[PDB]
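Structure data follow from work39.cif (mmCIF, C-alpha atoms and all ligand atoms):
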```
data_model
#
loop_
_atom_site.label_atom_id
_atom_site.label_comp_id
_atom_site.auth_asym_id
_atom_site.auth_seq_id
_atom_site.Cartn_x
_atom_site.Cartn_y
_atom_site.Cartn_z
CA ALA A 1 22.88 14.58 28.09
CA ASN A 2 25.15 15.23 25.13
CA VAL A 3 28.25 17.36 25.64
CA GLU A 4 26.93 20.03 23.28
CA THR A 5 23.56 20.22 25.05
CA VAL A 6 25.15 20.80 28.46
CA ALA A 7 27.86 23.04 27.00
CA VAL A 8 25.39 25.49 25.44
CA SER A 9 23.37 25.64 28.68
CA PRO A 10 25.34 28.30 30.62
CA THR A 11 25.31 30.62 27.60
CA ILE A 12 21.57 30.02 27.26
CA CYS A 13 21.06 30.93 30.93
CA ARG A 14 23.22 34.06 30.72
CA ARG A 15 21.85 35.45 27.44
CA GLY A 16 18.31 34.15 27.99
CA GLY A 17 16.13 31.61 26.25
CA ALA A 18 14.59 34.19 23.92
CA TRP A 19 17.96 35.02 22.36
CA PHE A 20 18.60 31.34 21.63
CA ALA A 21 15.06 30.92 20.28
CA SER A 22 15.68 33.88 17.96
CA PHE A 23 17.75 31.64 15.69
CA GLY A 24 16.33 28.88 13.52
CA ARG A 25 12.79 27.96 12.59
CA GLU A 26 10.01 27.42 15.11
CA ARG A 27 10.63 24.34 17.31
CA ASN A 28 14.14 24.17 15.73
CA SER A 29 15.74 27.00 17.66
CA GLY A 30 19.36 28.00 18.11
CA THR A 31 22.74 27.30 16.57
CA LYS A 32 24.30 23.95 15.72
CA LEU A 33 27.72 22.46 15.02
CA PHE A 34 27.99 20.90 11.56
CA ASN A 35 30.75 18.45 10.60
CA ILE A 36 31.07 18.54 6.81
CA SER A 37 33.16 15.62 5.52
CA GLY A 38 33.43 13.46 2.43
CA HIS A 39 33.89 14.74 -1.12
CA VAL A 40 34.11 18.45 -0.40
CA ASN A 41 37.02 20.79 -1.04
CA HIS A 42 37.43 21.88 2.60
CA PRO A 43 35.94 19.39 5.09
CA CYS A 44 35.59 21.16 8.41
CA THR A 45 33.65 21.72 11.62
CA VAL A 46 31.63 24.94 11.66
CA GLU A 47 28.92 26.61 13.73
CA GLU A 48 25.80 27.80 11.92
CA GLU A 49 22.14 28.64 12.42
CA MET A 50 19.76 25.71 12.62
CA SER A 51 17.71 26.12 9.43
CA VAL A 52 20.56 26.99 7.06
CA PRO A 53 19.98 25.38 3.63
CA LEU A 54 22.28 22.46 2.90
CA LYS A 55 23.53 23.82 -0.43
CA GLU A 56 24.42 27.22 1.02
CA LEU A 57 26.26 25.63 3.95
CA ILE A 58 28.26 23.31 1.68
CA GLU A 59 29.22 26.05 -0.79
CA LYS A 60 30.00 28.59 1.94
CA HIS A 61 32.00 26.71 4.59
CA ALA A 62 33.07 23.42 2.98
CA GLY A 63 34.24 25.04 -0.26
CA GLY A 64 31.71 23.13 -2.36
CA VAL A 65 31.57 19.61 -3.74
CA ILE A 66 34.70 18.27 -5.44
CA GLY A 67 34.21 19.10 -9.11
CA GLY A 68 31.39 21.61 -8.66
CA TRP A 69 27.85 21.32 -7.36
CA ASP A 70 26.82 19.41 -10.50
CA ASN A 71 29.13 16.57 -9.42
CA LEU A 72 27.14 15.88 -6.24
CA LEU A 73 25.50 12.46 -6.06
CA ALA A 74 24.30 11.92 -2.48
CA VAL A 75 24.41 13.39 1.02
CA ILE A 76 24.04 11.71 4.40
CA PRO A 77 23.12 14.71 6.57
CA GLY A 78 22.99 13.22 10.06
CA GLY A 79 25.73 10.64 10.33
CA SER A 80 25.61 6.99 9.36
CA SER A 81 22.20 6.40 10.99
CA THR A 82 20.30 8.77 8.72
CA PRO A 83 19.08 7.74 5.24
CA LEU A 84 20.82 9.36 2.30
CA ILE A 85 19.14 11.84 -0.02
CA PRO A 86 19.95 12.39 -3.72
CA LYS A 87 20.90 15.66 -5.39
CA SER A 88 17.32 16.58 -6.34
CA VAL A 89 16.45 16.73 -2.62
CA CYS A 90 19.66 18.49 -1.49
CA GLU A 91 18.70 21.54 -3.59
CA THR A 92 16.04 23.14 -1.35
CA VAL A 93 16.32 21.25 1.95
CA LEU A 94 16.80 23.06 5.26
CA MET A 95 19.03 21.64 7.98
CA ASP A 96 16.54 21.43 10.85
CA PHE A 97 14.80 18.45 12.43
CA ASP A 98 11.40 18.89 10.79
CA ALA A 99 12.63 19.76 7.29
CA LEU A 100 14.88 16.70 7.15
CA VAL A 101 12.15 14.49 8.64
CA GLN A 102 9.92 15.69 5.80
CA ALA A 103 12.59 14.49 3.34
CA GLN A 104 12.39 11.10 5.14
CA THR A 105 15.86 11.42 6.69
CA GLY A 106 16.05 13.26 10.01
CA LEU A 107 18.77 15.65 11.17
CA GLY A 108 20.22 13.34 13.82
CA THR A 109 23.67 14.62 14.78
CA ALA A 110 24.27 17.07 11.89
CA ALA A 111 27.17 15.19 10.27
CA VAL A 112 27.15 15.88 6.53
CA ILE A 113 28.86 13.12 4.53
CA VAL A 114 29.07 14.25 0.89
CA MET A 115 29.49 11.82 -2.02
CA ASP A 116 29.97 12.93 -5.63
CA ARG A 117 29.45 10.89 -8.80
CA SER A 118 32.94 9.33 -8.54
CA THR A 119 31.76 7.00 -5.75
CA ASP A 120 30.33 3.50 -5.56
CA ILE A 121 27.27 4.33 -3.48
CA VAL A 122 26.40 0.68 -2.82
CA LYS A 123 29.92 0.08 -1.53
CA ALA A 124 29.65 3.03 0.87
CA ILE A 125 26.31 1.85 2.24
CA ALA A 126 27.71 -1.68 2.56
CA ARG A 127 30.66 -0.32 4.54
CA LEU A 128 28.22 1.48 6.85
CA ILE A 129 26.23 -1.73 7.34
CA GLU A 130 29.48 -3.57 8.10
CA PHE A 131 30.25 -0.91 10.71
CA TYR A 132 26.86 -1.57 12.29
CA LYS A 133 27.60 -5.30 12.17
CA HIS A 134 30.86 -4.77 14.06
CA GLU A 135 29.25 -2.52 16.71
CA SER A 136 26.23 -4.64 17.65
CA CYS A 137 26.16 -5.59 21.32
CA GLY A 138 24.38 -8.83 20.42
CA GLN A 139 21.79 -8.74 23.20
CA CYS A 140 18.48 -8.89 21.33
CA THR A 141 17.70 -11.26 18.47
CA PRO A 142 16.58 -8.75 15.77
CA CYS A 143 19.75 -6.65 15.75
CA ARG A 144 22.13 -9.53 16.54
CA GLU A 145 20.98 -11.69 13.65
CA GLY A 146 19.42 -9.32 11.12
CA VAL A 147 22.30 -6.85 11.02
CA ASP A 148 24.70 -9.66 10.10
CA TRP A 149 22.14 -10.92 7.58
CA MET A 150 21.91 -7.46 6.00
CA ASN A 151 25.71 -7.18 5.99
CA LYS A 152 25.98 -10.44 4.05
CA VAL A 153 23.23 -9.42 1.63
CA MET A 154 24.79 -6.00 1.02
CA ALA A 155 28.25 -7.50 0.51
CA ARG A 156 26.71 -9.77 -2.11
CA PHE A 157 24.87 -6.77 -3.61
CA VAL A 158 28.15 -4.91 -4.11
CA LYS A 159 29.31 -7.58 -6.56
CA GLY A 160 25.84 -7.88 -8.10
CA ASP A 161 25.69 -11.55 -7.07
CA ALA A 162 21.93 -11.60 -6.39
CA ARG A 163 18.63 -11.28 -8.26
CA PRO A 164 16.27 -8.27 -8.23
CA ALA A 165 13.67 -10.06 -6.10
CA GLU A 166 16.13 -10.12 -3.19
CA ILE A 167 15.93 -6.31 -3.11
CA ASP A 168 12.34 -6.43 -1.89
CA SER A 169 13.18 -9.18 0.60
CA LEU A 170 16.04 -7.06 1.91
CA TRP A 171 13.59 -4.19 2.39
CA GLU A 172 11.30 -6.43 4.42
CA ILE A 173 14.25 -7.68 6.46
CA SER A 174 14.91 -4.07 7.43
CA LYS A 175 11.27 -3.68 8.49
CA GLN A 176 11.68 -6.72 10.74
CA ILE A 177 14.60 -5.03 12.50
CA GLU A 178 13.31 -1.47 12.82
CA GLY A 179 10.88 -1.00 15.71
CA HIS A 180 11.55 -4.45 17.19
CA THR A 181 14.87 -3.90 18.97
CA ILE A 182 15.87 -2.87 22.49
CA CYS A 183 17.80 0.26 21.52
CA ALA A 184 17.94 2.39 18.37
CA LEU A 185 21.01 0.71 16.85
CA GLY A 186 18.66 -1.60 14.97
CA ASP A 187 16.76 1.38 13.58
CA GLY A 188 20.05 3.08 12.70
CA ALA A 189 21.18 -0.04 10.85
CA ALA A 190 17.88 -0.48 8.99
CA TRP A 191 17.46 3.15 7.89
CA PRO A 192 20.45 3.52 5.49
CA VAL A 193 19.47 0.29 3.72
CA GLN A 194 15.95 1.65 3.27
CA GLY A 195 17.27 4.95 1.94
CA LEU A 196 19.53 3.19 -0.55
CA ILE A 197 16.72 0.92 -1.75
CA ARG A 198 14.40 3.92 -1.97
CA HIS A 199 16.68 6.18 -4.00
CA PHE A 200 19.14 3.98 -5.95
CA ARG A 201 17.25 0.82 -6.88
CA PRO A 202 18.06 1.24 -10.62
CA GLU A 203 21.76 1.11 -9.73
CA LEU A 204 21.32 -2.18 -7.85
CA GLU A 205 19.25 -3.69 -10.66
CA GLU A 206 21.76 -2.59 -13.32
CA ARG A 207 24.64 -4.07 -11.31
CA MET A 208 22.77 -7.37 -10.99
CA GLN A 209 22.08 -7.35 -14.74
CA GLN A 210 25.75 -6.71 -15.52
CA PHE A 211 26.88 -9.53 -13.23
CA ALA A 212 24.27 -11.89 -14.68
CA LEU A 213 25.27 -11.24 -18.29
CA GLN A 214 29.01 -11.31 -17.53
CA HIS A 215 28.83 -14.63 -15.64
CA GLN A 216 26.12 -16.06 -17.94
CA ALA B 1 1.16 -59.16 -33.98
CA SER B 2 2.79 -61.98 -35.96
CA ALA B 3 -0.23 -64.14 -36.86
CA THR B 4 -0.62 -65.66 -40.31
CA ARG B 5 -2.75 -63.61 -42.69
CA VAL B 6 -5.29 -66.42 -43.11
CA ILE B 7 -5.61 -66.66 -39.32
CA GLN B 8 -6.00 -62.87 -39.26
CA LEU B 9 -8.86 -63.11 -41.77
CA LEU B 10 -10.45 -65.90 -39.72
CA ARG B 11 -10.26 -63.78 -36.56
CA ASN B 12 -11.71 -60.72 -38.31
CA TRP B 13 -14.62 -62.72 -39.72
CA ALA B 14 -15.30 -64.56 -36.44
CA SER B 15 -15.27 -61.43 -34.27
CA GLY B 16 -16.85 -59.26 -36.96
CA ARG B 17 -14.36 -56.41 -36.48
CA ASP B 18 -10.78 -55.58 -37.50
CA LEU B 19 -8.68 -56.80 -34.59
CA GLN B 20 -5.45 -55.64 -36.24
CA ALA B 21 -6.43 -52.01 -35.64
CA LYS B 22 -6.81 -52.39 -31.86
CA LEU B 23 -4.77 -55.08 -30.10
CA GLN B 24 -4.93 -55.70 -26.36
CA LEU B 25 -1.23 -56.59 -26.30
CA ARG B 26 1.26 -53.71 -26.21
CA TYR B 27 4.27 -54.01 -28.50
CA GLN B 28 6.21 -50.79 -29.14
CA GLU B 29 3.87 -47.79 -28.64
CA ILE B 30 4.42 -47.59 -24.86
CA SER B 31 6.83 -45.14 -23.24
CA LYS B 32 10.48 -46.01 -22.73
CA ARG B 33 11.41 -47.51 -19.37
CA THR B 34 14.10 -44.81 -19.00
CA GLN B 35 13.05 -41.16 -19.11
CA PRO B 36 14.86 -37.81 -18.94
CA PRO B 37 14.94 -36.10 -15.54
CA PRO B 38 12.07 -33.71 -14.72
CA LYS B 39 12.13 -30.19 -13.25
CA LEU B 40 8.90 -30.04 -11.19
CA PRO B 41 7.87 -26.37 -10.67
CA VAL B 42 7.60 -25.02 -7.13
CA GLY B 43 4.25 -23.39 -6.40
CA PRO B 44 2.41 -20.15 -5.66
CA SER B 45 3.87 -19.29 -2.24
CA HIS B 46 7.56 -19.58 -3.16
CA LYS B 47 7.90 -15.79 -3.28
CA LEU B 48 10.54 -13.98 -1.23
CA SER B 49 8.77 -10.69 -0.53
CA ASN B 50 4.96 -10.61 -0.28
CA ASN B 51 4.70 -13.95 1.50
CA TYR B 52 3.86 -13.43 5.16
CA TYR B 53 2.31 -16.66 6.43
CA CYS B 54 -0.48 -14.99 8.40
CA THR B 55 -2.03 -13.87 5.08
CA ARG B 56 -2.23 -17.45 3.73
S1 LIG A 301 19.55 -3.33 18.83
FE1 LIG A 301 20.78 -2.50 20.56
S2 LIG A 301 20.32 -3.93 22.29
FE2 LIG A 301 19.64 -4.99 20.39
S3 LIG A 301 21.44 -6.24 19.77
FE3 LIG A 301 21.62 -4.27 18.65
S4 LIG A 301 22.93 -2.98 19.99
FE4 LIG A 301 22.21 -4.72 21.28
#
```

Starting from the file, lay out its structure as structure tokens.
Ligand code: SF4
Amino acid sequence: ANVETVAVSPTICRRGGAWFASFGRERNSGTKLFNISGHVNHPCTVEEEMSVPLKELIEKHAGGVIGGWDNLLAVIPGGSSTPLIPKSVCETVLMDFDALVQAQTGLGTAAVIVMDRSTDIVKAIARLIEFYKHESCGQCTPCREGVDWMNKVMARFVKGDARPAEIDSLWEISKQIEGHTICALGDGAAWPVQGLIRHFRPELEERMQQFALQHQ
Amino acid sequence: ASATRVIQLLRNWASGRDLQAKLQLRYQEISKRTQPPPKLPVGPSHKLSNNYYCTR
């Protein structure tokens, strides 16, 4: 069990399960600890109700995105293993399990990494994939080989040193990792790549075009 | 070829056709013995994405 799950247990027993179920949406009961980091004025750890909207939480506790809410580019709401969501989704999304699963992300561990428009999103996702490359136990073939493969492909994507077709192949590579591993590290390495390909493909294609024209 | 014109006329009359138009010997209309390199396209299943082998 997680430290938070056991830690909240004595309070749940003393005050009752109904009091804890009073907070949050149905099947998403209780309070939660949110770690808001990244490009926010006041990154911090706070306690809040489960189904608080993301925008309200960021503007209330974290002090808002650096340069105003209109500067926001992307949010990773559940730590590195959850796919990112763009600004158009972070407008009316609630911070529970089901609401974030609907947005194709998942709440995970409630770690909100905020990125504004002053960031190289591909570089950030590549750094996350490199982290997953360096933390693979190397037991099963899918994770052990495909995470390094995806790290190489993403590192080449950062420079724009590929062709657009590779994008689709990269997607399929992710599908060959997710669901075929021993533990969920393979899924957690495949998901951010899928989110990036899903929401920022024009950026990748434009970077490849720029590299192609610059290098002839 | 290089035959004398009178011999050419004799051949044309004897055969009944104009042999100078179509000669069995090849002189200079054949391809050069040295050619530029080719490029040789790949094929249909050289895709990177929608190319799972169990579907072909
Ligand atoms: S998916 Fe899990 S078990 Fe498989 S290699 Fe990666 S860390 Fe090891």

From B:54, B:14, B:48, B:25, residue lying nearest chain A [only C-alpha atoms]: B:48

Up to 10 Å from chain A, what residues of chain B turn up? Count only C-alpha atoms and give them as number ranges by chain. B: 47-51

Taking all atoms listed in the file into account, report as a PyMOL selection string which residues have an atom no farther than 10 Å from an atom of ligand LIG 301 (chain A). chain A and resi 132-133+135-147+177-189

Please measure the separation of CA of residue 86 (chain A) and CA of residue 199 (chain A), giving the value in Å to one decimal.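 So the answer is 7.0 Å.
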
In Å, rounded to a single decimal, give me how far CA of residue 77 (chain A) is from CA of residue 59 (chain A).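 Calculated distance between CA of residue 59 (chain A) and CA of residue 77 (chain A) is 14.8 Å.
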
Using only C-alpha atoms, can you list as JSON, numbers by chain the residues within 10 Å of (18.6, 14.8, 21.9)? {"A": [1, 2, 4, 5, 108, 109]}

To one decimal place, how far is CA of residue 124 (chain A) from CA of residue 99 (chain A) in Å?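 These two atoms are separated by 24.7 Å.
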
From the set A:68, A:160, A:78, A:192, which residue has the shortest atom-to-atom contact distance to residue 214 (chain A), counting only C-alpha atoms? A:160

Residue 18 (chain B) surroundings by only C-alpha atoms, 9 Å radius, close-in-sequence under 4 positions cut, as a PDB file with C-alpha atoms, in the frame of the given file:
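What landed in around-v1.pdb:
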```
ATOM      1  CA  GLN B   8      -6.000 -62.870 -39.260  1.00  0.00           C
ATOM      2  CA  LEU B   9      -8.860 -63.110 -41.770  1.00  0.00           C
ATOM      3  CA  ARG B  11     -10.260 -63.780 -36.560  1.00  0.00           C
ATOM      4  CA  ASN B  12     -11.710 -60.720 -38.310  1.00  0.00           C
ATOM      5  CA  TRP B  13     -14.620 -62.720 -39.720  1.00  0.00           C
ATOM      6  CA  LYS B  22      -6.810 -52.390 -31.860  1.00  0.00           C
TER       7      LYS B  22
END
```

Can you pull chain B out of that block with C-alpha atoms and hand it back as a PDB file, in the first residue's frame?
```
ATOM      1  CA  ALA B   1      26.785  -1.559 -95.089  1.00  0.00           C
ATOM      2  CA  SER B   2      29.696  -0.699 -97.392  1.00  0.00           C
ATOM      3  CA  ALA B   3      28.753  -2.579-100.575  1.00  0.00           C
ATOM      4  CA  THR B   4      29.180  -1.015-104.003  1.00  0.00           C
ATOM      5  CA  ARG B   5      26.045   0.648-105.357  1.00  0.00           C
ATOM      6  CA  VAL B   6      25.931  -1.662-108.390  1.00  0.00           C
ATOM      7  CA  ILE B   7      26.139  -4.675-106.065  1.00  0.00           C
ATOM      8  CA  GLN B   8      23.381  -3.069-103.984  1.00  0.00           C
ATOM      9  CA  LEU B   9      21.181  -2.780-107.078  1.00  0.00           C
ATOM     10  CA  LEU B  10      21.958  -6.393-107.988  1.00  0.00           C
ATOM     11  CA  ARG B  11      20.962  -7.562-104.498  1.00  0.00           C
ATOM     12  CA  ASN B  12      17.748  -5.525-104.546  1.00  0.00           C
ATOM     13  CA  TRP B  13      16.742  -6.909-107.943  1.00  0.00           C
ATOM     14  CA  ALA B  14      17.679 -10.501-107.059  1.00  0.00           C
ATOM     15  CA  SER B  15      15.834 -10.544-103.722  1.00  0.00           C
ATOM     16  CA  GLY B  16      13.011  -8.324-104.990  1.00  0.00           C
ATOM     17  CA  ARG B  17      13.079  -6.062-101.910  1.00  0.00           C
ATOM     18  CA  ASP B  18      15.159  -3.160-100.585  1.00  0.00           C
ATOM     19  CA  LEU B  19      17.774  -4.826 -98.387  1.00  0.00           C
ATOM     20  CA  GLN B  20      19.328  -1.478 -97.444  1.00  0.00           C
ATOM     21  CA  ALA B  21      16.271  -0.633 -95.338  1.00  0.00           C
ATOM     22  CA  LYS B  22      16.524  -3.736 -93.130  1.00  0.00           C
ATOM     23  CA  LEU B  23      19.949  -5.317 -92.610  1.00  0.00           C
ATOM     24  CA  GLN B  24      20.529  -8.395 -90.471  1.00  0.00           C
ATOM     25  CA  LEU B  25      23.907  -7.049 -89.348  1.00  0.00           C
ATOM     26  CA  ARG B  26      23.910  -4.492 -86.522  1.00  0.00           C
ATOM     27  CA  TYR B  27      26.204  -1.495 -86.968  1.00  0.00           C
ATOM     28  CA  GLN B  28      25.522   1.479 -84.692  1.00  0.00           C
ATOM     29  CA  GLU B  29      21.842   1.421 -83.609  1.00  0.00           C
ATOM     30  CA  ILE B  30      22.416  -0.941 -80.656  1.00  0.00           C
ATOM     31  CA  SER B  31      22.770   0.262 -77.071  1.00  0.00           C
ATOM     32  CA  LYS B  32      26.136   1.267 -75.649  1.00  0.00           C
ATOM     33  CA  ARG B  33      28.073  -1.437 -73.820  1.00  0.00           C
ATOM     34  CA  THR B  34      28.375   0.928 -70.824  1.00  0.00           C
ATOM     35  CA  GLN B  35      25.197   2.265 -69.220  1.00  0.00           C
ATOM     36  CA  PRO B  36      24.393   4.656 -66.363  1.00  0.00           C
ATOM     37  CA  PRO B  37      23.605   3.065 -62.994  1.00  0.00           C
ATOM     38  CA  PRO B  38      19.947   2.218 -62.276  1.00  0.00           C
ATOM     39  CA  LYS B  39      17.822   2.893 -59.184  1.00  0.00           C
ATOM     40  CA  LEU B  40      15.441  -0.113 -59.073  1.00  0.00           C
ATOM     41  CA  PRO B  41      12.316   0.783 -57.020  1.00  0.00           C
ATOM     42  CA  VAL B  42      11.504  -1.255 -53.919  1.00  0.00           C
ATOM     43  CA  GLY B  43       7.971  -2.643 -53.923  1.00  0.00           C
ATOM     44  CA  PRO B  44       4.530  -2.508 -52.317  1.00  0.00           C
ATOM     45  CA  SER B  45       5.334  -3.845 -48.836  1.00  0.00           C
ATOM     46  CA  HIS B  46       8.244  -1.505 -48.042  1.00  0.00           C
ATOM     47  CA  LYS B  47       6.019   0.581 -45.755  1.00  0.00           C
ATOM     48  CA  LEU B  48       7.001   1.279 -42.155  1.00  0.00           C
ATOM     49  CA  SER B  49       3.568   1.498 -40.516  1.00  0.00           C
ATOM     50  CA  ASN B  50       0.659  -0.518 -41.949  1.00  0.00           C
ATOM     51  CA  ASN B  51       2.782  -3.551 -42.789  1.00  0.00           C
ATOM     52  CA  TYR B  52       2.095  -6.364 -40.336  1.00  0.00           C
ATOM     53  CA  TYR B  53       3.123  -9.604 -42.022  1.00  0.00           C
ATOM     54  CA  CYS B  54       0.078 -11.595 -40.900  1.00  0.00           C
ATOM     55  CA  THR B  55      -2.074  -9.419 -43.193  1.00  0.00           C
ATOM     56  CA  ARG B  56      -0.004 -10.277 -46.301  1.00  0.00           C
TER      57      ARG B  56
END
```
